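Residue numbers (full-length UniProt numbering), protein chains in the order written: chain Y, 13 to 114; chain L, 11 to 137; chain V, 16 to 524; chain E, 12 to 525.
Take a look at the structure set out below.
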């Protein structure tokens with residue numbers, strides 16, 4: 013029944029780039045590394061917007077600390093819509109199953 | 011017996027292709043890791059000052075004059091640019107293969123067992 | 016929490032009331048027990064064990080009797096119904112006197128002072144049987160298998176137990192473990208009939224064989240046990256990183272293969288054709304066995320291989336890196352996978368190790384198979400008993416009133432306190448007369464006298480009553496016999512329990 | 012708690028009397044039927060010992076115990092079930108009387124064993140050969156049904172009884188596992204049992220003018236669908252999603268319409284002639300235009316038969332289980348010398364008959380369509396089960412307890428053991444014998460004893476078997492009376508009698524356990 017499958021796309025929607033985060037999350041640990049590994053030996057850039065923003069360690073230091081924290085933050089927004097969508101499609105499953113069986 | 015395994019066979023083939031599709035595409039992301047390492051290899055190989063024909067935009071390319079070998083990117087973080095050292099970037103050009111290969115390669119035996127789970131249903135579906 | 020003179024009397028009550036009803040179920044003449052359940056389940060049995068299961072025990076003495084009941088049942092499985100009848104008496108006799116004559120301890124030591132005098136008397140009344148004469152075993156067996164009252168096709172297959180068990184008699188431990196049953200491993204044949212049911216050497220392998228995994232028929236070529244330790248070594252004795260990408264598939268799975276090919280050779284060097292490898296097999300270990308076209312049979316159970324280690328009687332390989340034909344595939348050996356009725360049956364035979372032989376069981380159905388095997392199970396247990404002590408003893412009260420005097424004679428001799436425990440314990444011996452006088456339905460008190468009269472001169476040597484003949488009889492004239500093995504065992508067994516429960520005055524939560 | 016010593020016995024034997032009592036006349040021409048609204052709660056009607064056992068809910072363990080061992084002998088006999096119950100309690104009392112006098116039940120059980128064999132030994136002495144002829148077949152079939160039903164209904168059925176068993180002797184089969192095909196007709200009248208040397212089906216399906224009278228019978232008995240489910244199914248039942256259940260049905264009627272055309276040439280290959288009758292029998296439904304166009308081919312066709320029927324028709328008609336409507340061999344498709352679709356009541360019952368095998372043979376009982384119709388059915392089947400024993404053994408013996416006294420005359424007088432200890436059980440054993448004739452007669456008439464002495468004296472005179480006349484309650488020679496036991500039954504009874512009465516006599520206790 014569509015009721016089984018109904019909210020799972022809205023579910024995996026918020027899950028989609030949240031997963032992408034969790035690699036970025038891992039690489040946010042790495043950019044913390046590669047910022048700490050960069051003393052300024054070669055330029056540090058937050059790439060944000062189609063404009064390249066000339067950037068600094070301390071400019072990106074909080075940032076990558078803020079990013080990693082934020083790259084943990086789109087986790088919770090799904091964790092919001094995680095139990096929204098999987099739970100209500102859990103009720104819907106019995107609703108039109110028997111009616112269509114009926 | 012048979013129809014439930016006619017119904018259950020549906021997902022296991024996807025579990026096959028779920029794993030089949032994923033593992034194949036991470037080599038593509040590994041292509042750039044050795045590439046950029048190799049792009050940094052020949053970079054340090056020749057010198058600063060060689061003409062660089064670099065992509066301008068589609069159907070075109072733009073030349074350029076290379077003044078920095080040791081200035082080399084890594085993409086880590088989120089949307090972030092770390093220009094690294096020639097050996098630094100190479101190391102991550104190198105190392106970004108290593109972690110991705112682990113997530114990539116683990117998928118292949120699970121590919122088989124999903125088919126071995128589907129193929130087992132196939133039999134019991136046909137038998 | 017249950018404690019004290021209660022548990023003391025409770026040590027009486029439980030073992031008593033257990034033993035009480037059960038002596039009626041003892042004997043070839045036996046008075047059956049009905050059961051009913053609030054569930055409606057009805058049980059008609061002379062079998063204490065079967066009774067000992069569905070009954071309920073709200074006292075741990077009644078529960079621990081089941082324990083010591085299964086002890087003899089672990090041991091044999093018959094005489095368990097008998098053992099309980101002994102201690103249940105004892106505590107119901109010595110204690111209330113002697114615990115109100117105040118002691119756990121006296122009869123405890125006297126339980127041993129009881130245990131020996133039997134053994135003493137046993138060295139007289141039990142007289143040797145030979146395994147060379149089948150009937151000399153089989154008359155006990157014929158008596159033992161008719162206990163469960165099927166003499167039909169059990170008896171002739173009891174020769175097979177008289178053979179297989181006797182022919183799996185082996186393994187002297189230096190005090191000579193050889194006397195045994197278990198090494199006999201029953202065959203299960205759909206089709207055939209207990210007539211054509213007859214031993215093959217070693218162990219006939221039914222269990223993992225629904226179909227040939229070992230050739231079809233193999234005579235000289237060695238049936239070979241490969242036992243774990245066939246897994247690869249990617250290094251010399253070591254294992255390095257395994258297959259990952261292109262040339263590791265080559266190089267590593269090659270590194271895996273050489274060590275095993277090296278293991279493989281030692282198998283083929285001893286000339287097998289069939290090779291039974293239990294768990295711990297490499298596909299590397301098989302394929303060179305396949306390169307020698309020598310079948311390597313993988314992932315099959317241990318006892319089965321121990322059956323096969325008893326079937327050609329080879330050993331199990333303790334150093335699979337350095338292999339011997341003395342290790343596995345001993346002698347000439349045999350391997351024969353035969354369809355008899357439904358199933359292909361691997362027969363690994365021509366056994367080295369002192370013979371070895373397993374009971375071929377062919378029923379038409381598995382029922383007419385099973386009826387034999389259950390009474391067969393008596394023989395193969397009595398066979399090991401004849402193997403254990405091959406001294407056939409006169410049945411009935413022959414041993415009972417004998418030891419009783421010798422105990423009371425030991426009472427007359429020792430004239431201590433434990434004289435009274437003897438006269439308490441010697442009183443326990445009269446069970447069989449009482450049991451049999453019950454089961455014949457005669458008057459005991461004359462026969463009690465008359466058996467004391469049988470001991471007054473004869474010493475009840477071969478003379479007990481046999482309720483089955485109903486009269487006081489020589490057990491040579493009735494041919495009633497048991498090994499000293501089964502006697503002392505059952506005898507000693509409840510004696511221990513008579514100590515056991517008497518030890519226990521206390522239960523604590 | 013538990014019940015030990017005498018208590019393990021009394022309650023068992025005390026239960027074994029009122030049990031024995033109620034059905035004391037379930038038996039013989041004196042036999043009386045019983046009902047149950049009680050045991051299974053429904054509206055039920057039954058006469059037989061073992062059969063009235065199972066119907067009740069019997070919470071006393073012993074009541075369930077004989078039901079087992081009685082069923083064994085109940086199988087072949089079908090009578091004497093009620094009988095064997097009676098002698099056992101008659102035995103149990105005497106043994107109880109000894110233990111009442113006081114004595115040991117196992118030496119008492121020991122007392123049965125020679126006597127049993129001695130009686131068994133006597134049983135081959137008293138077995139007198141009346142070989143199988145309709146007379147012996149009558150008189151055993153009636154005395155069984157005289158036991159199970161009216162002597163009226165006995166002789167009413169005694170025709171139908173011997174009817175089928177003539178062809179089972181054509182089978183030379185001492186038992187009847189077929190010809191026991193029975194049809195129960197909707198009617199007002201119980202007594203009408205119609206012999207059909209073939210089968211009967213309630214079918215002829217939904218369509219007439221199929222030539223429901225088929226003289227040349229060519230039978231296709233098939234499970235192929237000329238009709239089938241309209242019900243919603245995907246996995247075989249209602250699926251969570253609605254629509255995927257739909258795609259199945261549109262291939263149903265098309266499959267059915269095609270098989271109609273397949274039967275056309277299946278009529279033409281097989282016959283090509285409506286004058287050569289063809290019969291389809293479907294285990295499932297058949298659409299109207301199938302039967303309608305099958306009626307166009309000179310074919311009668313029967314939808315929704317049964318597995319026995321298919322096989323019995325595969326047997327009796329030499330018919331088929333064949334699965335197809337495609338062109339098939341006529342010689343495969345079986346034959347009956349006559350076939351007709353008969354109607355009594357609402358449904359049209361096909362009488363298929365003179366079938367290639369007179370093997371599965373319909374005895375068609377009409378009836379009130381009740382538990383009564385159910386009642387009149389079960390007995391005649393057992394009336395056979397009597398005469399099969401008569402077919403079984405060559406020795407058929409006068410009934411109505413003729414054998415009983417002579418055994419007590421044989422056994423007790425000289426001690427068969429020449430030994431009292433067993434004679435105890437023997438004296439107990441040979442009293443069990445007498446109850447059935449003496450209880451039925453005294454139920455049917457004059458007493459046990461004053462009747463006994465008449466049966467006794469005449470035995471004491473002759474030793475010939477004088478039975479009981481249950482038409483009175485006095486003895487007569489059950490040879491002439493026609494009430495005739497076989498040797499089989501009386502053979503079988505002591506086995507079922509003794510071995511159950513022994514082990515229960517030797518119960519040393521009874522306990523609620525777990």
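Yeah, the Cβ is synthetic: ideal placement off N, Cα and C, and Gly gets one too.
Rounded to the nearest whole angstrom, the CA to CA distance from residue 216 of chain V to residue 203 of chain V is 15 Å. Secondary structure at residue 495 of chain E: strand, using DSSP grouped into helix, strand and coil. Between the alpha carbons of residue 364 of chain E and residue 336 of chain E lies a distance of about 23 Å.
Against chain E, the beta carbon of residue 63 of chain V has no neighbour under 8 Å; the closest one sits roughly 12 Å away. At a cut-off of 9 Å between beta carbons, residue 246 of chain E contacts chain L.
Residues of chain E with a Cβ closer than 7 Å to the Cβ of residue 109 of chain Y are, in chain order, 251.
For residue 57 of chain Y, the three-state secondary structure derived from DSSP is strand. Around residue 278 of chain E, the same chain offers 289, 308, 310 as residues with beta carbons nearer than 6 Å, after the five sequence neighbours per side are excluded.
With a cut-off of 8 Å on Cβ pairs, the region 383 to 399 of chain E is in contact with the region 163 to 182 of chain E, counting three or more such pairs. Against chain E, the CB of residue 70 of chain V has a partner CB under 9 Å away; the residue lies at that interface. Fully contained in the region 25 to 85 of chain E are the following alpha helix (DSSP H) runs of length 4 or more, in chain order: 60 to 66.
For residue 56 of chain Y, no Cβ of chain E is located within less than 9 Å of the residue's own Cβ.
Residue 156 of chain V sits close to residue 397 of chain V, with the two beta carbons spaced by under 9 Å. Going by C-alpha positions, residue 268 of chain E is about 14 Å away from residue 276 of chain E. By the neighbour-count definition (other C-beta atoms within 10 Å, threshold 16), residue 146 of chain E is an exposed residue. Residues 376, 378 of the same chain have their beta carbon placed closer than 6 Å to that of residue 384 of chain V, with the five preceding and five following residues left out of the count. Under the 10 Å beta carbon count, residue 133 of chain V is surrounded by 16 or more other beta carbons and is classified as buried. The alpha carbon of residue 48 of chain V has as its nearest neighbour, out of E:46, E:399, E:233, E:13, the alpha carbon of E:13.
Note that the region 218 to 231 of chain E touches the region 338 to 350 of chain E; at least 3 beta-carbon pairs, one per stretch, sit closer than 8 Å.
For residue 522 of chain E, no alpha helix (DSSP H) segment is defined; the enclosing uninterrupted segment is the beta strand (DSSP E) at 520 to 522. Residues of chain V whose Cβ lies closer than 8 Å to the Cβ of residue 75 of chain E are, in chain order, 55, 57.
At the C-beta level, residue 147 of chain V and residue 390 of chain V stay beyond 9 Å of one another.
Between residue 478 of chain E and residue 494 of chain E the beta-carbon gap is near 6 Å, inside 8 Å, which marks them as a contact. The C-alpha of residue 171 of chain V lies about 30 Å from the C-alpha of residue 347 of chain V. In the three-state DSSP reduction, residue 96 of chain Y falls in the helix class (H, G or I). Annotated as distal: residue 238 of chain E and residue 274 of chain E, with beta-carbon spacing of 9 Å or more. The CB of residue 65 of chain L never comes closer than 8 Å to any CB in chain E; the least such distance is about 50 Å. Taking every protein chain shown into account, the CB of residue 232 of chain V has fewer than 16 other CB atoms within 10 angstroms, so this residue is exposed. In this structure the region 486 to 499 of chain V does not touch the region 73 to 88 of chain V; the number of beta carbon pairs closer than 8 Å is below three. Neighbourhood of residue 13 of chain Y in chain E, by CB distance below 9 Å: 251, 252, 253, in chain order. Beta-carbon to beta-carbon, residue 96 of chain L and residue 86 of chain L are separated by about 17 Å, too far to satisfy the 8 Å threshold.
For residue 496 of chain V, the enclosing beta strand (DSSP E) stretches over residues 496 to 498. Taking a beta-carbon distance threshold of 9 Å, residue 29 of chain V does not count as an interface residue toward chain E. Residue 96 of chain E is positioned such that its CB atom lies no closer than 9 Å to that of residue 83 of chain E. Only residues of its own chain outside the window of five on either side were considered, and among them 467, 470, 471, 474 have a CB closer than 8 Å to the CB of residue 420 of chain E, listed in chain order. In the structure shown, the three-state DSSP call for residue 351 of chain V is strand.
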